[PDB]
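Chains as they are written, first to last, in PDB author numbering: chain A, 27 to 435, 463 to 475, 490 to 835; chain B, 27 to 435, 463 to 475, 490 to 835.
Taking it in order: structure first as structure tokens, then the write-up.
2 protein chains.
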Amino acid sequence: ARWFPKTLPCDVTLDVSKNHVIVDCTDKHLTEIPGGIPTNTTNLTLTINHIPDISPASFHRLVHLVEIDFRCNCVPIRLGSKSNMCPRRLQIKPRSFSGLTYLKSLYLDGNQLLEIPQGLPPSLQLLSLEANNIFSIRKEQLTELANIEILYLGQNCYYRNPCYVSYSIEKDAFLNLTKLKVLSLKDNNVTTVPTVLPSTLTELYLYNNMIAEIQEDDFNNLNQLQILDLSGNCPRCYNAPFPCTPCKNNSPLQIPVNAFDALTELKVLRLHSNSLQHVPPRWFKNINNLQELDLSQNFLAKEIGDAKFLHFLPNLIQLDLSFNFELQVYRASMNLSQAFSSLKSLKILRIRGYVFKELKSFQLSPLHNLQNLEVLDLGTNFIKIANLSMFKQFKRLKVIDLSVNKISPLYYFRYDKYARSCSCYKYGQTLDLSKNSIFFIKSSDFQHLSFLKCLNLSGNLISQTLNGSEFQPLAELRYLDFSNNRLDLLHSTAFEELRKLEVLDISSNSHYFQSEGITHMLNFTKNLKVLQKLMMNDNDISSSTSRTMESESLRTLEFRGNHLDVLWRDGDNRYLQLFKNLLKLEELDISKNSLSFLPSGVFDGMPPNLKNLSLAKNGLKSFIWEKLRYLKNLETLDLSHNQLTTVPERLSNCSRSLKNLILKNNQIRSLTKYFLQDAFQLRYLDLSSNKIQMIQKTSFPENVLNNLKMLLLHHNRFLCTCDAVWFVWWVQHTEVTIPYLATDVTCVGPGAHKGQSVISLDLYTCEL
Amino acid sequence: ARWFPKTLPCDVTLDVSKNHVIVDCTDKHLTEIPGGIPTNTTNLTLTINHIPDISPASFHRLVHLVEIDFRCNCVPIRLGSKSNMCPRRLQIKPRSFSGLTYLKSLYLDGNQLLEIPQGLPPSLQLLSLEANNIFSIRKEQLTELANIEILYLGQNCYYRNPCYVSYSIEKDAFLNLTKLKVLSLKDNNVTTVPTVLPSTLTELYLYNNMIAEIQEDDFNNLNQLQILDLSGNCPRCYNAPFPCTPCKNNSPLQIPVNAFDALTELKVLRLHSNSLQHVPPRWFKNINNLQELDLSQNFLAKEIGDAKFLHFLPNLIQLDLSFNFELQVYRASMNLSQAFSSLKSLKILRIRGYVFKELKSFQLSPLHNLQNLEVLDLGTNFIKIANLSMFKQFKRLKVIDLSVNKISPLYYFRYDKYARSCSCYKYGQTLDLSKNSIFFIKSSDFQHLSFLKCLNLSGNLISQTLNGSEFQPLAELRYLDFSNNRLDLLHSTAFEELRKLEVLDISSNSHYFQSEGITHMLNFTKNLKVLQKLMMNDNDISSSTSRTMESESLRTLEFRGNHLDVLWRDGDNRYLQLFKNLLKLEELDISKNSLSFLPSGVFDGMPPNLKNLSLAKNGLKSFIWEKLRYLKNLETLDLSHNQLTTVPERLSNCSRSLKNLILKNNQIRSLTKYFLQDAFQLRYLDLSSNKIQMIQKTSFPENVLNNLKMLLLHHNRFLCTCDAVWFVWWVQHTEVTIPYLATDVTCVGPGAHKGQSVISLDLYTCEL
Ligand SMILES: *[C@@H]1O[C@H](CO)[C@@H](O[C@@H]2O[C@H](CO)[C@@H](O[C@@H]3O[C@H](CO)[C@@H](O)[C@H](O)[C@@H]3O)[C@H](O)[C@H]2NC(C)=O)[C@H](O)[C@H]1NC(C)=O
Ligand SMILES: CCC[C@@H](CCO)Nc1nc(N)nc2cnn(Cc3ncc(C4CCN(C5CCOCC5)CC4)cc3OC)c12
Ligand SMILES: CCC[C@@H](CCO)Nc1nc(N)nc2cnn(Cc3ncc(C4CCN(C5CCOCC5)CC4)cc3OC)c12
Ligand SMILES: *[C@@H]1O[C@H](CO)[C@@H](O[C@@H]2O[C@H](CO)[C@@H](O)[C@H](O)[C@H]2NC(C)=O)[C@H](O)[C@H]1NC(C)=O
Ligand SMILES: *[C@@H]1O[C@H](CO)[C@@H](O[C@@H]2O[C@H](CO)[C@@H](O)[C@H](O)[C@H]2NC(C)=O)[C@H](O)[C@H]1NC(C)=O
Ligand SMILES: *[C@@H]1O[C@H](CO)[C@@H](O[C@@H]2O[C@H](CO)[C@@H](O)[C@H](O)[C@H]2NC(C)=O)[C@H](O)[C@H]1NC(C)=O
Ligand SMILES: *[C@@H]1O[C@H](CO)[C@@H](O)[C@H](O)[C@H]1NC(C)=O
Ligand SMILES: *[C@@H]1O[C@H](CO)[C@@H](O)[C@H](O)[C@H]1NC(C)=O
Ligand SMILES: *[C@@H]1O[C@H](CO)[C@@H](O)[C@H](O)[C@H]1NC(C)=O
Ligand SMILES: *[C@@H]1O[C@H](CO)[C@@H](O)[C@H](O)[C@H]1NC(C)=O
Ligand SMILES: *[C@@H]1O[C@H](CO)[C@@H](O)[C@H](O)[C@H]1NC(C)=O
Ligand SMILES: *[C@@H]1O[C@H](CO)[C@@H](O)[C@H](O)[C@H]1NC(C)=O
Ligand SMILES: *[C@@H]1O[C@H](CO)[C@@H](O)[C@H](O)[C@H]1NC(C)=O
Ligand SMILES: *[C@@H]1O[C@H](CO)[C@@H](O)[C@H](O)[C@H]1NC(C)=O
Ligand SMILES: *[C@@H]1O[C@H](CO)[C@@H](O)[C@H](O)[C@H]1NC(C)=O
Ligand SMILES: *[C@@H]1O[C@H](CO)[C@@H](O)[C@H](O)[C@H]1NC(C)=O
Ligand SMILES: *[C@@H]1O[C@H](CO)[C@@H](O)[C@H](O)[C@H]1NC(C)=O
Ligand SMILES: *[C@@H]1O[C@H](CO)[C@@H](O)[C@H](O)[C@H]1NC(C)=O
Ligand SMILES: *[C@@H]1O[C@H](CO)[C@@H](O)[C@H](O)[C@H]1NC(C)=O
Ligand SMILES: *[C@@H]1O[C@H](CO)[C@@H](O)[C@H](O)[C@H]1NC(C)=O
């Protein structure tokens, strides 16, 4: 179909709507900028490569460039790879970017640059220089950036990329940048807030620095500021998973009471990890539109009980007061101030790491009349006693998170959560009791909680024989996550009281299935009349008392990580019809079941409307492809990560309906003579990570290839001799999507073509 | 330096003491018996091969053969592999074994033979024909076996190898075999006990058959019988993991009261899975020397309460009454008859699967004065309540097994446990409480059990902050298995009360290490003054409050399955000396820790007496070999299953003490010019499963190679051209142990030599 093959090692996407010709060369092991890049290229990306220098020859013909994303070409030694370390820093010669008069964005992050690149065009609106060795900002170096709007200079002096000296900023360095909206000097060893900053700033990030005190003048002219982040200045270092140095004498970040007076348009204020002991109400005197306030990782345990500053925050949407506990005090109860009732517009409230022994209904009374409250997160508190019926006065809430607690009958601790690199809530009211010490359950525990749509009891100590009476009040429940427990299916009436249950997860409940002679009733699904999805993964199921699983509604069953090779032992025909009576079953995942072979009767004993079947990671050494005729509605068949050596003689003769066939990571050395002859329903074929040497025209007919949405042939043992004249010509001139063509579709031999891509091959010698 | 290379594909071991020249060809993918087998061969083994026939040419010149082990050459379709199924049964032509006048043993198991091979020598003492299609025994066919002593004919007609008809045995078929000591007709569809059997029988096995009734005459002349096994005749099929057909009307195996009268020398009687409801005392009237009695998988729950037959068994050593529960009764208590006190010589008593709610001290009173009692196993009983202090009257016992129970504050079910294929008890008194519902522990729980030397609390629900007061009475404890629990190391005083503790297993206690911000005190080892081995595997440890683990006695630490890549994050120098203060540490396993690279300071921060270190399954892309100089007492270094591409330039310049280096399963394509030059201390090197093409004398000097105990070079990409002239010659003429030489040390190329072994290569063309 194509007259000229695309030999460039980059993915070229055209977007005529926004007029962008995008060339993506991300992680293509390039030591030079490749030749033949389109002249109309607007967005050129060369991220994760080993190009040692940039010169006027680099973007000589690409005058229409609007963005250059030249990131991580010489990433610092500690942040980057150790197998392929950068020998020398990126060298930018003069007049490299001056000729590109249309350049709006330029990312030169992770390149070990010592200074700000000079000679940049006046049309540049965004400049990113993160993870470099630029630790001294001078006014003369910023003169070229007259029209810059976004400027990232962070991660230039911190534990992962040290500079061994304090960050220096000349007085009024950013002042004459009259269009600067976003400025970020995060993770830089900055000692004072740089002044005078331009009034047009909308976002300012000075987090994870050595700023010990804020002056009252530091933000006197930032009347258009929306986001301010002064986190990690005098940090709370208890259990920090990174080198953490707190301020001397355990003092907090000293912020004057009138420091935020000029910030009338402030929406987000992040004071995370600042060792604050008090929050003065005077801070929020002129801040009426504050929507997000993060006060996590401070010493505000006593302040949570008084918190007079909450009366000055009626438009606050998000409030975070996590990990504020007194280092050596295990409180008896949580004391929330009555001022929390004045937070009329609050939707999310997170108070993790408060650390208290007992939660009571009256302790959450300041939160009763907060009509817009959606999320109440009291996780990681080590709560031992909590009457779950107290949440009957919180029916309007979407999520009630009590995860990681001791109730019985990396986000807040990571150094930089916005670091740049080179679920059942949709069902309704969720009550998360995951990672808890609940060992026994009864109907009275879930009393007055009939409104719940999802209950996550994952990671608990429940080692009970459920008989259909432990969740009687949970009538509206649609999702129950019972994973990482010790479910004992002695009675087939387990879970029957949950009549509106659509999804049940009983994965990683292997305990009773590991010991011999224990009764297991897998026929418990018959009583659940509206169950759509069931997961019983990693349960090590090798035996069952019941021979059949019945259900008139189940559409998806995940039986991964079990021992169906033991149940379907050759000669034992008892469990071959285990999934047959699941009449509406469309998806069955029976991967990771040690099935070296499939006995006769497994295909006949499959349900009638089965569409997607996965036999992946089983170690299958043989497969009777002709047996796929029994599976009349088969669309997807996943046989990845197996030891299969051959493909069927004629795939169309094995299955009339098969659309998607995944054979990746197998021992296939050759395809049959007429493999895809008349396979008209086939739309996707994966033969990657195999040992295929030759592919002929008869095996891949054109009428079948043209209907394919994608064909994967990468990581194969292709021999590129004159016998492979058809395959090399077809691959080069086809319009079929074949991923990784110019990076992992390689000739293993003969001699000269070893390690060469098939897309850049020229077999003119085979026709003289 | 051998003069003639050993090209035979079998391991030839010489034993001049017993004149045995052993030739082992087990699993060598042979389609013919290989040529050049030594003439003095006594023991020839050809197990797991595809040799289609045996003829007089097979053992023509091997006249000194005392044993032929020709097993699993045509294994039945259901028992064997499906990728390489046998096309036709093994064909034995006439006069194949008649010429071998010294043949004493002949195993022809798993070959689909239809009849007993005829023309065998008169010197044969053992003949095994298991897993074949011989289901009709005639007297004329056993004429040739006049001097046979051992004869296995089982597994010829069962679910894994059916015959579709009952097993037929002619009357007095084995009677004239006047030397027959062992006879086994197990798993054969046998309907009646064959009569008259020869009086010289010492062992008889008729288990897993259709014998519904025993006649009083069946064993009237077996006065020399020691072992009798009539198990699996009228079996108990509840939760059987194999096709199980019980006798009609739930009737047991009908055994007359005087059936065992002539068995005066009987030592072992196995009546497992016979659906017995009563055990008449009259059975053991003339059996005074019975030592083992297996009555498991029967319906003897009520009989355990009366058991008058135990008065006729004073010399019984082992008694098994497991899985005798009434299918639908959960008893309140265990009722053991007072007749158990008359078992003076009993050492092992197993009563698993009795199924009862509460164990009380007085219920075990019949076992108080049994002075020789060593093992009391009451596992798989679902016991909910049991005062552990009751075992104070059982100090003499070696093991008290209460595994798989509900106590809170494949052997019995496999078809044939003797099927032929093609721990802390040494410390002292063990109390096994594994796989139980114990969620909380205190000193009073282990009161009066100071005598215990090992306590296995593995697989329990303990989610407690141990502070050194939960095991105060356990003063003599040397081993504590606390694996598969939820250990919370809040206090560094955990386990300190166990002062004589030598081994501590806290593996698979990942729960609290998975959630952020939780305090973890790994320095708890300092208080344990005699701890020799500590295992903290699969705990997902990514953070720690303490920076150093201290111990003046710990010799072995297993830290597998953790996140040392997170603790030793580049730039974070805080946990690099975590294992340094473990001064007597000789073994450290830090495999499976996601360590793609080792930061600088890990080697310097290692303990001084570290002998063996494992960095296996880490995904290591690079390794600074020169850093091994810090580890001055290093003998073993295991870097298996990693992504290392190169070996050091000079291994001698890296380590002066390294004896064993394991580099299996890596991406090494070539060795450095002078790799093992002057590395005289090396005694073991593994370079198997790598991509090495060439090995020259400069990289592998002979003075260093000759001192090696073993050198593994299998599964490599060896190119066998004239440049590899030295490697092929050395490998052919060396006495150094290289395993898998004539099976997996193969030439990948060029053309002609593809798939050929290097041992059978002839490079005479490279020297003309
Ligand atoms: C962040 O900036 C501070 C400076 O504001 C850096 O601190 C300084 O770091 C250097 C190098 O580690 C220290 O110098 C050394 O001092 C020792 C002890 O006197 C001496 O033996 C060495 O030869 C060397 O001179 C210096 O004392 C230290 N100053 C202070 C006040 O701490 C810090 O390294 C920077 N961190 C990062 C990650 O960039
Ligand atoms: C080795 C034991 C294997 C298995 C055997 C179960 O058949 N037992 C068990 N299997 C599993 N997975 N968990 C447990 C927990 N405890 N038990 C013992 C047990 N608990 C209850 C009964 C009921 C007794 C009363 N019965 C009736 C009640 C009235 O309407 C008719 C049934 C229901 C079972 C019988 C019983 O054992 C005999 C278990
Ligand atoms: C997110 C919480 C992380 C961590 C914080 C503590 O490291 N807490 C915890 N870490 C871990 N692994 N487990 C648990 C279980 N409960 N808690 C809460 C808790 N329990 C006890 C105390 C004692 C209070 C009294 N104190 C005494 C010591 C001696 O001088 C007198 C006071 C000992 C600790 C303090 C405390 O939290 C403040 C845990
Ligand atoms: C090509 O470069 C332009 C200019 O940098 C990118 O434009 C940004 O697009 C996003 C999404 O529409 C906007 O939010 C930004 O405001 C745009 N930036 C500027 C400076 O206009 C564009 O995304 C790039 N194309 C691709 C595919 O990455
Ligand atoms: C070689 O064959 C002889 C004869 O079958 C084997 O001898 C048996 O050895 C075991 C101990 O290993 C004794 O218990 C048997 O009584 C011996 N049988 C006979 C008939 O004497 C010998 O083990 C074989 N050698 C090897 C290495 O397998
Ligand atoms: C065990 O022997 C019995 C006969 O004693 C076999 O039973 C017959 O099997 C055939 C084939 O399935 C049936 O047509 C007969 O009706 C069966 N007869 C009876 C009485 O059951 C049985 O198949 C044999 N089993 C094995 C595993 O060899
Ligand atoms: C809550 O804390 C305040 C101090 O911040 C204290 O005065 C008050 O008594 C506390 N409330 C309760 C119920 O303990
Ligand atoms: C739990 O709280 C409910 C009221 O919400 C009450 O009826 C019930 O008795 C309480 N249960 C316990 C065990 O305190
Ligand atoms: C339950 O919580 C666990 C974490 O504790 C999480 O992995 C899982 O996805 C949750 N369940 C649902 C349905 O979201
Ligand atoms: C269900 O189990 C509970 C708790 O053991 C019990 O009270 C109840 O009677 C049981 N109901 C049935 C029908 O088995
Ligand atoms: C499950 O199977 C058992 C027999 O093994 C039967 O008694 C029980 O009624 C079955 N349960 C259902 C829901 O079909
Ligand atoms: C087919 O089912 C598999 C699971 O077996 C799933 O991962 C895949 O997304 C499904 N594809 C379609 C098109 O439904
Ligand atoms: C398979 O192909 C053969 C030969 O054309 C034909 O006889 C047979 O009916 C086909 N079966 C199916 C299911 O297509
Ligand atoms: C033990 O069982 C016998 C019947 O076998 C019965 O007579 C006796 O009362 C039982 N003992 C107890 C304590 O229940
Ligand atoms: C456990 O038994 C001992 C006697 O061996 C007794 O002193 C103790 O009180 C008992 N404890 C309980 C909880 O029954
Ligand atoms: C404890 O029991 C488990 C099985 O429940 C076993 O794997 C482990 O080896 C036992 N511990 C010891 C020290 O033998
Ligand atoms: C140890 O913990 C127990 C509770 O398990 C407590 O009674 C005791 O006072 C504690 N001792 C110390 C020294 O902390
Ligand atoms: C463990 O370290 C903590 C500080 O992190 C210290 O308080 C405690 O004494 C240490 N324990 C031991 C046994 O060294
Ligand atoms: C590992 O070290 C132990 C001593 O701690 C030693 O006995 C053992 O032989 C070593 N393993 C190997 C493979 O050398
Ligand atoms: C050992 O290696 C170091 C580092 O490459 C090198 O400087 C030194 O010369 C080597 N030792 C010898 C004896 O060559």
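Here a beta-carbon is modelled for each residue, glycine too, at the ideal position from N, C-alpha and C.
Note down, in chain order, every chain A residue with its Cβ under 7 Å from the Cβ of B/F268. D639
Residue from A/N629, A/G672 and A/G180 with nearest C-alpha to A/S210: A/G180
Can you find a heavy atom of ligand 5 that lies under 8 Å from the Cβ of residue 461 of chain B? Coordinates for residue 461 of chain B are absent, as chain B skips straight from 435 to 463.
Which residues count as close to ligand 15 when the rule is a CB under 5 Å from any of its heavy atoms, in chain order? B/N413 and B/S415
What do you reckon, is the C-beta of B/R717 under 8 Å from a heavy atom of ligand 20? yes
Any chain A beta carbon closer than 9 Å to B/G535: no
Test item, CB below 5 Å from any non-hydrogen atom of ligand 6: B/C183, B/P188, B/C189, B/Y190, B/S192 and B/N215
Between B/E563 and B/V597, how many whole angstroms is the CB-CB distance? I'm expecting something under 8 Å. That pair is no contact at about 12 Å.
Does DSSP put A/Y546 in a helix, a strand or coil? strand
Taking Cβ to Cβ, would you say A/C475 is nearer than 9 Å to A/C36? no
Enumerate in chain order the residues of its own chain whose CB-to-CB distance from B/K699 is below 6 Å, with the five nearest sequence positions on each side excluded. none
Just to confirm my understanding: we take A/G668, look at its own chain, exclude 5 residues before and 5 after, and list those with CB closer than 7 Å. What are they? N640 and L643
Return yes when the C-beta of A/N407 is under 8 Å from any heavy atom of ligand 9, and no when it is not. no
Does any C-beta atom of chain B lie closer than 9 Å to the C-beta of A/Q581? yes
Under the three-state reduction of DSSP, which class applies to A/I330: helix, strand or coil? helix
Would you give the residue range spanned by the beta strand (DSSP E) that B/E229 belongs to? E229 to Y231
Buried versus exposed call for A/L522 [16 or more other C-beta atoms within 10 Å across all chains shown]: buried
Quick one: is A/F506 near chain B, going by C-beta distance under 9 Å? yes
Determine whether the Cβ of A/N265 lies closer than 9 Å to any Cβ atom of chain B. yes
Going by the DSSP bridge assignment, what does A/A412 pair with across the sheet? A/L385
Segment limits, alpha helix (DSSP H) that includes B/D632: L631 to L634
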